[PDB]
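In what follows, a structure is listed as structure tokens, so that the remarks can point back to it.
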Amino acid sequence: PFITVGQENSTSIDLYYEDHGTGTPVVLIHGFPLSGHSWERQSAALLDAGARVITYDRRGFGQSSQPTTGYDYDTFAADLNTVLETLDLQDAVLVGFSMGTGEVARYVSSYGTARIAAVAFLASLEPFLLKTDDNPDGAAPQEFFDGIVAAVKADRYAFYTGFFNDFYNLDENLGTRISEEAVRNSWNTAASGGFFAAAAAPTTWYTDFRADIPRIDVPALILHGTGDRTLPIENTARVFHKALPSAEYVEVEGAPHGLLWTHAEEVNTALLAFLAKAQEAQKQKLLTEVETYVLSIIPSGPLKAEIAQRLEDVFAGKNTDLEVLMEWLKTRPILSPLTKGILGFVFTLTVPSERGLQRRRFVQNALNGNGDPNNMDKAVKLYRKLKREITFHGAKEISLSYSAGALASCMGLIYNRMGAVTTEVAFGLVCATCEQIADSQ
Amino acid sequence: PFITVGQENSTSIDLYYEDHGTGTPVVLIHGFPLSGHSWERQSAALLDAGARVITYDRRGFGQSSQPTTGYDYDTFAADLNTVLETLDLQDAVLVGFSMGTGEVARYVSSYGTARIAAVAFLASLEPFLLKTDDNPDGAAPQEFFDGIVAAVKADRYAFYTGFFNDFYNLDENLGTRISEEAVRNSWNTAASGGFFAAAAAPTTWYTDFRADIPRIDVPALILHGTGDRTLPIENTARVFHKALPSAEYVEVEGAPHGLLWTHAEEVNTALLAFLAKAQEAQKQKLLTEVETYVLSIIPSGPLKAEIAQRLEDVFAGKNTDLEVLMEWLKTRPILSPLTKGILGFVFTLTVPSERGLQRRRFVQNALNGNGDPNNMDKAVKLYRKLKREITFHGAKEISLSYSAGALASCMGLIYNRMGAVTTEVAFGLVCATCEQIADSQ
Amino acid sequence: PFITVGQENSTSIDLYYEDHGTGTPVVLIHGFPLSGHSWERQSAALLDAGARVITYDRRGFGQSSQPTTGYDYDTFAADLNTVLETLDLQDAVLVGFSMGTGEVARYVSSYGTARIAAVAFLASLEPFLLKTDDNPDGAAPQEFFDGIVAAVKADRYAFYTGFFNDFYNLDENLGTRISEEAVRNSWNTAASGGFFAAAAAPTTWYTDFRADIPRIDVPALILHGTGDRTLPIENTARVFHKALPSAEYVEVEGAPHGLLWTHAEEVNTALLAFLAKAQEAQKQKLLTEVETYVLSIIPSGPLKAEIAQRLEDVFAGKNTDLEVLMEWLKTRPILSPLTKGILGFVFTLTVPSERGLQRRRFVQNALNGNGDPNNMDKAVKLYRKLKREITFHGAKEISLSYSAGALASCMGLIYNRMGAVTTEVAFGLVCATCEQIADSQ
Amino acid sequence: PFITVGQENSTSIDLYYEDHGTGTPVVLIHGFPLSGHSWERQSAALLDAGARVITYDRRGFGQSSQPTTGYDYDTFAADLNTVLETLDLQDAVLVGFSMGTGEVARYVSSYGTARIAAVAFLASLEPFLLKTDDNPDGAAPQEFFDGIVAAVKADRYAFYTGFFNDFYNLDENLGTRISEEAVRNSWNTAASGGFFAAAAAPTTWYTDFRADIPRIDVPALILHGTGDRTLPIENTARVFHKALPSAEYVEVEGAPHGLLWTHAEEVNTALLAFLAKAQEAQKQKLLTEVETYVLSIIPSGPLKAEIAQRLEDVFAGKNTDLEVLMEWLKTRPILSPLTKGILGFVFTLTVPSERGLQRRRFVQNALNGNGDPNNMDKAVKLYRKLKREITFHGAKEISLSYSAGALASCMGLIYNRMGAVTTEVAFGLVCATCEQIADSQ
Amino acid sequence: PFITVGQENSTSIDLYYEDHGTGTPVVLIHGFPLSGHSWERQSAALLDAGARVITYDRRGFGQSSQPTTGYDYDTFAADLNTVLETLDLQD
């Protein structure tokens, strides 16, 4: 897949990207001289943990176009912007590795954090690699970088070999943490990037990110390997955390630069815990929102109290016996059959384990749209639209343009497994229906 | 309700009709000078016995139009034809009483028995009431009928009184078999028919039905009251049975002409054992019709043998533990999941005792249709049309204009109780989908 | 006239209805086994008293269709709903007799009282005729109703005879309160209803209306004959009033079930007084709204207190000397001439007796729209629209789309008797004007 | 080239495919973890033998998209279906290797053999690799497959190395049958497939194909290497042939799993003979189709009998002295000169041995078209379009949009070597012209 | 980037090309069995010297389509022609 980010002479500039899984979007930005595929150990974990994983290849690398223009962090950040806007990403997590951490800082800084929930910096460039008078903590003098450029131009192929040596601490990690075959794959990936991009990339490494850092608005994670030979933890991560004290901060003991592979575990575990926390917070934000809409349909009283408590308990993850829950609901006096169906639907959707329970007749009867073909027709039309939604608000918004009868039938369609949508979209649907019903009262 | 059968000057000629119940269609054709409502004792029984009851008022009677044209058996039979064609009646039973028995003979004779399963003749005109040289068994001379016409023209109102006397054997049956109020209703009904039709009707009574009788193709019942003062059993039923030996033949001991009321249980009984049999016979045919379609989908082999046997047993009312049946189906090797869903659907529909078994996931998954909104859209459109169908054939026919994918999804809609339809229409749907699938192989 | 309420097989289900007179709509719902025409003595009185009279024939009765489906109070109430919605009845009075009282309760209960101003129950079924353990006050055991069904099925015609006996207390009332001819008409009406409906109706009589009663929102009248042999006053009306204490309650001394005819007088007089009260209550409800709008234009102070008091007094019906009122207004200091005109207008409109007072110059001058032809043009356009309005809110709504100058001129047009509108519409106009003026301040 | 088969989040799912040569379509379905390019030794032979070669890359492999969804044989078969339908393949041969043999079975089974002439299974999965109680011949227990998944997830790169070892029997075949460079290419191809697909693929390997096998309708070839370490010939090919006795069956003595390269010869020779048989049958079908069109032009009689016989003999490869044939045709009485030209044209096209016979004046005169430039203009326009056609049907279809005169002239152009087209396209042209002429009669 | 040069059966024949720099256009045509990318040492110099650098992959090589047709110098020259005309290269 490609996203077009610009034009070079007669040709367009296209970025290779991938888009996997469902749930909260997590955008992974690779390092030099690798591609989106270098995140494969992290992607698998994120996919299993229930996230939507977006990767792309920076211009001049992997399967992206190979122009001889736009090798600078403003362009790279503009490239990223185009991706985010193209996909209409909301509430996204930005994760950068090495070079990728430059995109994260510069994008946040210039474009702001409207689409962005959290950021993560792994094996960071920050805050300013260039060793100057005003930048004493800088890792190297200008002459040093000039050297790398000269080396890549001389023989990039041979260059990649010595680079992956230090990149991976192969003298320590080969045959242990990293296989010879894994290293071979990395060299192949690098050799496949553009000749011009290879030599131009190292000039972007001493970009001064010092004025970008105060702009970091959202929760951040800083993660570095203490055995990093490529980006000395002392000139990077450690001075970066001083500049951003607020950042959550993780040192990986004796981990090299290429810690994504060698220490995937320690990497995935830190990332996943933070992401899990964020996910729990999102559930509280989505679960509490859902709960208020759901409760708005129930008449005030002690029963409304019991229901609220049950909602909260299932939402908080107490795995409930759905069978027992559904029977209780079914046998509740005063509750409208329609309201029972809506709650029935919500509980089966949120309960951790359905335990192979057959769908319930009382719910099916409640959410059948009166068996009216016109309602059903509209319910199918709504479903078509909901299939294209990925967010709670987008889902809820389009649902509100439909009548309560069509909405209830649509819910039935999903309940009966005649159609399928993501949980968050299903939530939006149920909440639109609840809003419509409550509003009628 | 009305059916238009023709035109008289500036006005159309409309027949009043009613259409009650579900199942095998039974068409009741009333006698002089009454209406479709005179069958009320028979209609109730047929409705309880599980038949579709059609009644209509002959032109000039009850609530039908009162033209001064078309008082002859070819027109009356053409009128009947229009009704049968208008309603698209298939596999119909035609029951005539008195005058109505003229319609039955003349229609069968001229138009044939394509829509007609069986016929019944109650208090028959047949074979030829006119006493001539060539017709010695005739009940009366021409001068006798000329007399009735003259009597009706003189005072039809007064005439009805003496007519219902002999019609009902009131000297025997009043305060016993028939109430004074029931007789009052009959007079009111007659007084409400057209003046012209009243005097014109008796001229149609000595119609020669002798050449119509050999045309009677289908099983027939002949039923007459031995105390019939209006149509002497000796000049009618008894010589009629000689002409049609094959007819099933029932004499009602001491029953008058108006035996529908006085001996409702008599004729009704000798009829139910007829209508009920027809319904069972129709099920046997319709049953094999469903089974053949259903089996056409299954690959030949021992499994196909087991299934057929199970179908037959459930159809014969013998097999009945649905939970055991469904588990067996579910666990069958070689059977396509789709074919399992279709059979699953059929068994739950035909089994008498569904009990309290929840709908099955394996069937739901098989019928739902992959969740394509276009497919679902068409299934909903079909459902809208099926909702208006009442027959197996009409249902099956419209279903055949839809793709197998849309058909399976439609079956899922019904299975999931998202829409509802009559069993016979559901059968038509299933059979269309089986036909489509089989035809693709 | 007919309203279609549904479909039975190939035929639609149509209700026969009539729509007479002008004014507040009063909907009469007949009893078993009669029709809308049974209300003829009441209809005449209501027509003379100045009401719009709506009658209809319940499905299976009188001139309505005679299906073999939908014989239950939810369907009957749904039938009624269709009628009310079809005619767009607003501010309607629902009057039920016997069976009809079941419609009134069930409709109010399920559909609510948005279109409904008041209800009346005559010879009521309520609250629950079935004698059970939990219903001790029940009039009869289940076996008793089973009996009636059996009796109707046996000979409905003969059945009607004994039924009207007790229905009318003929042993008391024949040749006295009710003529033999009036009774003959009733039997004819019953004999004309559908056979199936006749036997099916008695099964609906022990419907439990106990949960419907708390839903009765609007002013109610309960009326019963103490000589009621059909619905014992002790198991019905008397326990019903306990359940609805708020109901206005009238016992007709020694009146039978069929009190609509035998005691039409006592019936009409109670009905008419209650009906008269309902309109007054509506007027009272409208007056406080008007007062708030009217007061919003007056500056706060002691004068505003005097005016409010005067408004309240005229509104409460203290017939005031308009001449004295108008002179007081005229001579008030501080009050704007325009405000004086508006109050002048309101007082002449609301005051019981104008006493042949000539219109006032001070008001005419105040409400002349400055003699501006453009204002007058718009005032005439508004008037055209107001002529089509019948409600306070509709009137007020369209008036708000006009400027204060055009509104004042429109008021002048009405004040000068150059045009005419209903009082409630006039109220809406004055309130829109007041709102506009107040809003400018 | 790509075919889109679905959607994953914001991205579509595209399959990389190639489409080479002309003639009967042969579809090659690759094995794990390779791509369509792995068939290169077979493709070259098929191209030389005169077939149309279609290859594609399974989702997650080679140059196809790399989703994290749809890794199962129903999806894989649906993917294949989309390809076949997209290209409108008729009379196709499906050849699967290893994993690819799963597609062949599942497609045939579910979608049927309407487009499919023959199938071939090379190094097959069939019938069911999973060793169970009910599947004793199964090659391994579930725990064994669980192991492979775990191994790929651990380091797929390193994994490929040991895999190709046994895949190719490198301990036997390296430096002999397979070069080190050929193996290097294979590893590179595998390393290029998607990370997720690599780990997900092995879960599809123990798919139960036992119910698919009875569905195999068309002639089949089963081919296996007896030295197969990857798919033991004893748990696969040998038990598969028992299940499909009818299959033509070839054991490659001491051939490994990767027999496509190591034993390309033995592979190509078996394939080509089987294909030649199928191709001959296809040619016969085409001849019958061509023959029927050709005969439709000839008047019924003994001459029509002779011609048909001659056609059949030339088509069967038996008749061959063109000079004798053409003279016979030339001297036939009754035959239209135009019909003689068409037959003349057909015989020179189908006869194998044209030898050194000059084109015939009688044919030239018959086809040329009277020399009308308008006619010639249209013939040239048609020729332009036919030059782009490669199929009989496509050719025949465009030809039918031209007049019989323009069609005959076009045939003359080709006959005179003024333009050139493939035999199958020439057949289509002839048949269109025959159809047009016959249709005019 | 691609330029379509023809059709093979159901598929088009597309040439992979690149278009870098500004100034006088210089078109580099690679050798067997390599691709446009083999010119990388020359391209860098030309780019620095101020030329517009055009490279493409001959049919059957690098990232171009891989037909089984058109392997001859008239076709190869026609392929080149299509590129030059497509880009409207002057001078």
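When the chains are written out, they are named A, B, C, D and E in that same order, and each has its own residue count from 1.
Methods note: a residue touches a chain if its C-beta (ideal position, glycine included) is under 8 Å from a C-beta of that chain, and two chains touch if they have at least 3 such contacts.
Colleague: Hey, which one of B-C, A-B or B-D is the same interface as A-D, over half the contact pairs lining up?
Modeller: B-C
Colleague: Which of the two pairs, A-B or B-D, is linked by more C-beta contacts?
Modeller: A-B
Colleague: Using mean C-alpha positions as chain centres, tell me how far chain A is from chain B in Å, no decimals.
Modeller: 67
Colleague: Between chain A and chain C, what is the gap in Å from one C-alpha centre to the other?
Modeller: A distance of 63 Å separates the two centres.
Colleague: Taking each chain's centre as the mean of its CA atoms, how far is chain C from chain E in angstrom?
Modeller: Measuring from centre to centre gives 89 Å for this pair.
Colleague: Taking the mean of the C-alpha atoms as each chain's centre, how many Å separate chain B from chain D?
Modeller: 59
Colleague: Can you pull out the residues of chain E that are in contact with at least two other chains?
Modeller: none
Colleague: Using the touch definition from the top, list the residues of chain B that touch chain C in their complex.
Modeller: For this pair, the touching residues of chain B are 1, 18-22, 37, 40, 43-44, 47, 52, 87, 179, 181-182, 184-185, 188, 390.
Colleague: Under the stated contact criterion, what part of chain B meets chain D in this complex?
Modeller: Touch residues, chain B against chain D: 299, 333-336, 440-441.
Colleague: Touching residues of chain D toward chain B in the complex: what are they?
Modeller: Residues of chain D touching chain B: 110, 112, 210-211, 214.
Colleague: State the interface residues of chain C toward chain B in the complex, per the touch definition above.
Modeller: Answer in residue numbers: 8-12, 66-68, 153, 155, 157-158, 160-161, 188, 191, 195-196.
Colleague: Could you list, by residue number, the parts of chain A that touch chain B in their complex?
Modeller: That would be residues 358-361, 364-365, 368-369, 371, 373, 376-377, 380-381, 383-384, 387, 409, 412-413, 416-420 of chain A.
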